[PDB]
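Report on the structure given below.
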Amino acid sequence: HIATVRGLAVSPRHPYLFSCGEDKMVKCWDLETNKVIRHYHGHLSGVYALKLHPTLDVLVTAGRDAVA
RNA sequence: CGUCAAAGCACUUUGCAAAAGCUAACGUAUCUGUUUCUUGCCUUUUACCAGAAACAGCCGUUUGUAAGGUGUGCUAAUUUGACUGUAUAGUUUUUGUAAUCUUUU
């Protein structure tokens, strides 16, 4: 990251780890390889909330865009 | 070559499915891109240098199956499978040593 890693979230169902920040960046750190796989581009500004839905493979994040 | 069974037949157009099952060229061919890292040449970013790992596209190949098209036959031809497939009256099996009678329990 380039600016304070705000969020984090490990998923239990997949060996992934997530992160967020004041970069607009949302990442998918694969835990088996220990590198990033996916960016989730779309957020207009610094993201704070990072939380992983329990059933459905789905990811929720929110920040100052004033939107989840 | 011979029998039996199945089926139109050869050639072709599309659709739809698949293509490491026990280490192996689906392609004796071979190109671009994204991300993550490492080094080059550099300060405008792009455009690039040349290595890695992870993903992707693209140009092609094979198979099965479905419907079609052309030419030929449906009073035929071709394909496909399957099979415990040969002929011997003269000594080891399919051209007879068989026939017949009687006693014992």
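Note on naming: chains are A, B, ... as they come in the structure tokens, residues start from 1 per chain, ligands start from 1 in the order shown.
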Residues of chain A within 12 Å of chain B, only C-alpha atoms (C1' of nucleotides) counted, as an NGL selection string
:A and (27-30 or 32-39)
Residues from the last selection, C-alpha atoms, saved as a PDB file, in the first residue's frame:
ATOM      1  CA  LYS A  27      -6.605  -6.137  -2.370  1.00  0.00           C
ATOM      2  CA  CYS A  28      -6.808  -9.948  -2.276  1.00  0.00           C
ATOM      3  CA  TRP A  29      -3.454 -11.186  -0.949  1.00  0.00           C
ATOM      4  CA  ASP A  30      -3.396 -14.915  -1.726  1.00  0.00           C
ATOM      5  CA  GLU A  32      -0.610 -19.666  -0.384  1.00  0.00           C
ATOM      6  CA  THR A  33       1.660 -17.605  -2.658  1.00  0.00           C
ATOM      7  CA  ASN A  34       1.857 -14.481  -0.428  1.00  0.00           C
ATOM      8  CA  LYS A  35       1.355 -12.000  -3.248  1.00  0.00           C
ATOM      9  CA  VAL A  36      -1.561  -9.944  -4.463  1.00  0.00           C
ATOM     10  CA  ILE A  37      -3.981 -11.236  -7.023  1.00  0.00           C
ATOM     11  CA  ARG A  38      -6.838  -8.787  -7.439  1.00  0.00           C
ATOM     12  CA  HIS A  39      -7.498  -5.092  -7.324  1.00  0.00           C
TER      13      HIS A  39
END
Give me, as number ranges by chain, all polymer residues having an atom no more than 7 Å from range 43-50 of chain A, counting only C-alpha atoms (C1' of nucleotides) and skipping those fewer than 2 positions away in the same chain.
A: 6-9, 20-24, 41, 60-65
Which of chain A DSSP labels strand (DSSP E), written as a PyMOL selection string:
chain A and resi 5-10+17-21+26-27+47-52+59-63
Near residue 9 in chain B, within 8 Å and counting only C-alpha atoms (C1' of nucleotides), which residues show up once chain neighbours fewer than 6 positions away are dropped, as a PDB file with N, CA, C and O atoms (P, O5', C5', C4', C3', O3' and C1' of nucleotides), in the first residue's frame?
ATOM      1  P     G B  73     -26.201 -43.985 -60.015  1.00  0.00           P
ATOM      2  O5'   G B  73     -26.979 -45.233 -59.404  1.00  0.00           O
ATOM      3  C5'   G B  73     -27.835 -45.077 -58.259  1.00  0.00           C
ATOM      4  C4'   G B  73     -27.450 -46.064 -57.182  1.00  0.00           C
ATOM      5  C3'   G B  73     -28.614 -46.777 -56.506  1.00  0.00           C
ATOM      6  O3'   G B  73     -28.921 -47.999 -57.176  1.00  0.00           O
ATOM      7  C1'   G B  73     -27.295 -45.708 -54.863  1.00  0.00           C
ATOM      8  P     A B  77     -24.155 -54.041 -56.040  1.00  0.00           P
ATOM      9  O5'   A B  77     -23.794 -52.511 -55.760  1.00  0.00           O
ATOM     10  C5'   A B  77     -22.480 -51.987 -56.052  1.00  0.00           C
ATOM     11  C4'   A B  77     -22.208 -50.756 -55.216  1.00  0.00           C
ATOM     12  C3'   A B  77     -21.226 -50.936 -54.063  1.00  0.00           C
ATOM     13  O3'   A B  77     -19.867 -50.918 -54.495  1.00  0.00           O
ATOM     14  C1'   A B  77     -23.112 -49.726 -53.307  1.00  0.00           C
ATOM     15  P     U B  78     -18.726 -51.647 -53.622  1.00  0.00           P
ATOM     16  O5'   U B  78     -18.636 -50.739 -52.315  1.00  0.00           O
ATOM     17  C5'   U B  78     -18.105 -49.402 -52.370  1.00  0.00           C
ATOM     18  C4'   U B  78     -18.404 -48.661 -51.088  1.00  0.00           C
ATOM     19  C3'   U B  78     -17.810 -49.254 -49.822  1.00  0.00           C
ATOM     20  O3'   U B  78     -16.426 -48.993 -49.635  1.00  0.00           O
ATOM     21  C1'   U B  78     -20.056 -48.696 -49.419  1.00  0.00           C
ATOM     22  P     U B  79     -15.558 -49.968 -48.708  1.00  0.00           P
ATOM     23  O5'   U B  79     -15.929 -49.489 -47.235  1.00  0.00           O
ATOM     24  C5'   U B  79     -15.707 -48.129 -46.818  1.00  0.00           C
ATOM     25  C4'   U B  79     -16.584 -47.783 -45.636  1.00  0.00           C
ATOM     26  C3'   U B  79     -16.280 -48.520 -44.342  1.00  0.00           C
ATOM     27  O3'   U B  79     -15.173 -47.947 -43.650  1.00  0.00           O
ATOM     28  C1'   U B  79     -18.608 -48.536 -44.722  1.00  0.00           C
TER      29        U B  79
END
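From CA of residue 53 in chain A back to CA of residue 11 in chain A, the distance works out to 8.9 Å.
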So that I can see what lies close to residue 40 in chain B, please list as a VMD selection string the residues with an atom at most 12 Å from it, counting only C-alpha atoms (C1' of nucleotides) and leaving out residues fewer than 5 positions away in the same chain.
chain B and resid 48 to 51
Can I get the selection written as a PDB file, in the first residue's frame, with N, CA, C and O atoms (P, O5', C5', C4', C3', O3' and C1' of nucleotides)?
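out_28.pdb, freshly written:
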ATOM      1  P     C B  48       5.465  -0.946 -26.350  1.00  0.00           P
ATOM      2  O5'   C B  48       6.962  -1.475 -26.203  1.00  0.00           O
ATOM      3  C5'   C B  48       7.693  -1.407 -24.956  1.00  0.00           C
ATOM      4  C4'   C B  48       9.140  -1.060 -25.235  1.00  0.00           C
ATOM      5  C3'   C B  48      10.199  -1.953 -24.605  1.00  0.00           C
ATOM      6  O3'   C B  48      10.472  -3.078 -25.426  1.00  0.00           O
ATOM      7  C1'   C B  48      10.737   0.311 -24.196  1.00  0.00           C
ATOM      8  P     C B  49      11.381  -4.261 -24.870  1.00  0.00           P
ATOM      9  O5'   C B  49      12.696  -3.508 -24.385  1.00  0.00           O
ATOM     10  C5'   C B  49      13.888  -3.489 -25.187  1.00  0.00           C
ATOM     11  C4'   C B  49      15.097  -3.743 -24.322  1.00  0.00           C
ATOM     12  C3'   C B  49      15.161  -5.106 -23.659  1.00  0.00           C
ATOM     13  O3'   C B  49      15.706  -6.045 -24.573  1.00  0.00           O
ATOM     14  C1'   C B  49      15.718  -3.430 -22.088  1.00  0.00           C
ATOM     15  P     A B  50      15.131  -7.526 -24.632  1.00  0.00           P
ATOM     16  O5'   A B  50      16.296  -8.394 -23.974  1.00  0.00           O
ATOM     17  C5'   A B  50      17.199  -7.867 -22.971  1.00  0.00           C
ATOM     18  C4'   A B  50      17.158  -8.715 -21.720  1.00  0.00           C
ATOM     19  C3'   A B  50      16.413 -10.045 -21.858  1.00  0.00           C
ATOM     20  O3'   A B  50      17.133 -11.021 -21.114  1.00  0.00           O
ATOM     21  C1'   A B  50      15.438  -8.810 -20.132  1.00  0.00           C
ATOM     22  P     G B  51      16.594 -12.508 -21.009  1.00  0.00           P
ATOM     23  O5'   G B  51      15.341 -12.344 -20.041  1.00  0.00           O
ATOM     24  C5'   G B  51      14.564 -13.473 -19.611  1.00  0.00           C
ATOM     25  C4'   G B  51      14.884 -13.798 -18.175  1.00  0.00           C
ATOM     26  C3'   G B  51      13.715 -14.291 -17.340  1.00  0.00           C
ATOM     27  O3'   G B  51      13.522 -15.690 -17.488  1.00  0.00           O
ATOM     28  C1'   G B  51      14.682 -12.469 -16.251  1.00  0.00           C
TER      29        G B  51
END
